[PDB]
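Listed next as structure tokens is one chain, alone, in the form deposited in one PDB entry.
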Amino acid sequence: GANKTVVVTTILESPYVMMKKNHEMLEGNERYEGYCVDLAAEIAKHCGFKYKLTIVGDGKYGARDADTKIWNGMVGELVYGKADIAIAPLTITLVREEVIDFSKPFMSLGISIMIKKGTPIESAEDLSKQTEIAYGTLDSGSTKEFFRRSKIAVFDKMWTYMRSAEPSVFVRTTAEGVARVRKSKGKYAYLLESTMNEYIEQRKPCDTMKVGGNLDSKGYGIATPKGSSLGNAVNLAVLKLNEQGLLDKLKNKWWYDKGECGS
């Protein structure tokens, strides 16, 4: 077939994809900036394709409903043919690998705890052993599924609390979770990936921090629908970019070089 513009699905999640300050006066890919915007340009160059960035319609990463077996989020967009590739902080997981393909990781990470400074919590075990401080995760993502599935004693205890907590402890976006931490006087802690936690630590008003070790070790990958003609070349491109130090340069650029909480 003739070369065709590749539809990239991605998600508005800082600092992966953000609206440029002057985005109103801009069009197409130029509306956006961030780690994954930089990454997409590199991947496309190396794989020889043109592309259009599109923000996922429902603003979700992607989960499958247990009853209907229907997928949402970026995973759904790939599964149902609405996008050709996902270039986003999308976690490589078993249930996703059953339906789509992933490159080798472009970033390594694990689940972690965000607190408002001063909150007397230093571990997941700490959270599990008390009830004064509420805690939750993002909806329709891999962190929620981690807790739902885990048989580890501490993590299952946390799930049991989170699933039946009222008012709901789950949030629709990472930014909503961060806002909740900031305004809840230390009575809400947020479970999120170390990458996002470390970024938010670097942002004003510098009132949050990561505590504890990571709960797991996993990775983000570039995802393609099964049968895509792009998967092999994308995988090799990710590995090249990692080996040439480009991925590390992009992390430093978006996380630390312009961190707002000092040197």
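Take the two forms, superpose them, and find the largest set of C-alpha atoms that agree within 1.5 Å; that set is the rigid core. Sequential numbering from 1, following the sequence displayed.
The form deposited in another entry exists for this protein as well; it is not shown, and the discussion that follows is about that form.
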{"query": "Flag for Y188, CA shift 2 Å or larger between this form and the one not shown after aligning core", "finding": "yes"}
{"query": "Yes/no, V37 Cα shift of 2 Å or more between this form and the one not shown with rigid core fixed", "finding": "no"}
{"query": "After fitting the core, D156 CA displacement of 2 Å or more between this form and the one not shown", "finding": "yes"}
